[PDB]
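In structure tokens, one chain follows: the form deposited in one PDB entry.
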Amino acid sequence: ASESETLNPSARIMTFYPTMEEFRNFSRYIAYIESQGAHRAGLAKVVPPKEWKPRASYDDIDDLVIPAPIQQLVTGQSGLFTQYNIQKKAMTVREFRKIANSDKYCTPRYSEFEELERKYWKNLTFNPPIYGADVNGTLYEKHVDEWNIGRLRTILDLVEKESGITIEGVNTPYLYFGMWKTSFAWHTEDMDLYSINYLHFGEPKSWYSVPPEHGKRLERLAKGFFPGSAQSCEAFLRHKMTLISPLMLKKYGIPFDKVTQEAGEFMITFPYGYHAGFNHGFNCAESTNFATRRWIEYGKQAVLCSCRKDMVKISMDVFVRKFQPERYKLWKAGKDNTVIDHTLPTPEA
């Protein structure tokens, strides 16, 4: 009964409301969140203190360019789907919001979320929406020094500092313009990093997540339903094309939790935390990945996509050598047999 029982084996999604004081130091608050067990659910929500905002107004923006809008074509039945991404073409934000609101792409009448969620799972294969995803850029004003996705100051910076290597969306910020029914397939971050997502404005974004302690179970299930993909790639889920309904997870005993994120709220994914979801309507989110000392081990063991030749791969060398000098030799010689304890928070006894 070692002190793992923080987010007692309920590993549920937790919500936090930090003080402007606690809020100032990013890396510190993540450590606090983990001491409260929030990482056990794979996903956590953080509401910024009232007197905080990254930008004055988003009135000056409909001119921003979405260089690679994506139409999401979904195929499948009864809980299991595969999403193909048809890349449309150059588009301005003004053109997007108009389509996003056009009565044939807009959200429909719904009482409770429970109902909006049902309409989503019943109609996701109809009316292929468009998602203004992976747009390089930020909406934070240069002076915002708290939780600025553009410069979080975490050790993920070592990658940049050590080799000058830049990785869009990972090492850099991304903007996501949503629309109803636009969704993100089940996945963990590249190299099993952490991710931070801020919903600048618009309709909500709902999230589903599986506790990292049960991530392996989700993979076994995924492999079983798509044996074809599982054989061609060691980590086919990283392709971000697999959708699985909450009802299917329920049916096969895979533990998970739900949460809806609203404008002005932060979402944090944790190492090896599988997540997925969908946007309610016209949206705008920003995200990037970040690391922590606790992440290093996950990074060393992350199973990567073996079929695409332009998929993200970060050299762990600088991390092991810098934060695990005693194990560098062991590791560098394919020996280090460290088992990960998903409950344990960064600091160790």
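All residue numbers refer to positions in the sequence shown, first residue = 1. Just so we're on the same page, rigid core means the largest C-alpha set that superposes within 1.5 Å between forms. Residues that one form lacks are left out of the comparison.
Although not depicted, the form solved in complex with a small molecule is the subject of the following passage.
Listed residue that, although the small molecule is not shown, lies within 4.5 Å of it in the deposited complex (heavy atoms), from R118, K240, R153, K216:
Among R118, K240, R153, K216, a heavy atom within 4.5 Å of the small molecule in the deposited complex occurs only for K240.
| query | If you check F96, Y140, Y272, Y174 against the small molecule in the deposited complex, which one has a heavy atom within 4.5 Å? | reply | That would be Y174.
Query raised in the report: Would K258 sit within 4.5 Å of the small molecule in the deposited complex, counting heavy atoms only?
Result: Answer no; every heavy atom of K258 is more than 4.5 Å from the small molecule in the deposited complex.
Worksheet item: Does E146 reach the small molecule in the deposited complex, with heavy atoms at most 4.5 Å apart?
Response: Judged by the heavy-atom cut-off of 4.5 Å, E146 is well away from the small molecule in the deposited complex.
Self-check item: Non-hydrogen atom contact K205 with the small molecule in the deposited complex at 4.5 angstroms
Solution: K205: contacts the small molecule in the deposited complex.
Q: Answer for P128 alone: is it within 4.5 Å of the small molecule in the deposited complex, judged on heavy atom distances?
A: So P128 does not count as contacting the small molecule.
Contact segment among 217-225, 176-184, 87-95, 245-253, judged by heavy atoms lying within 4.5 Å of the small molecule in the deposited complex:
Going by heavy atoms within 4.5 Å, the stretch is 176-184.
Contact at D134, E189 and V312 by the small molecule in the deposited complex, all three, heavy atom at most 4.5 Å: The answer is yes; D134, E189 and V312 each reach the small molecule.
Could you list, in sequence order, the stretches of three or more consecutive residues moving 2 angstroms or more at Cα between this form and the one not shown on a rigid core superposition? These are the shifted runs between this form and the one not shown: 6-9, 308-310.
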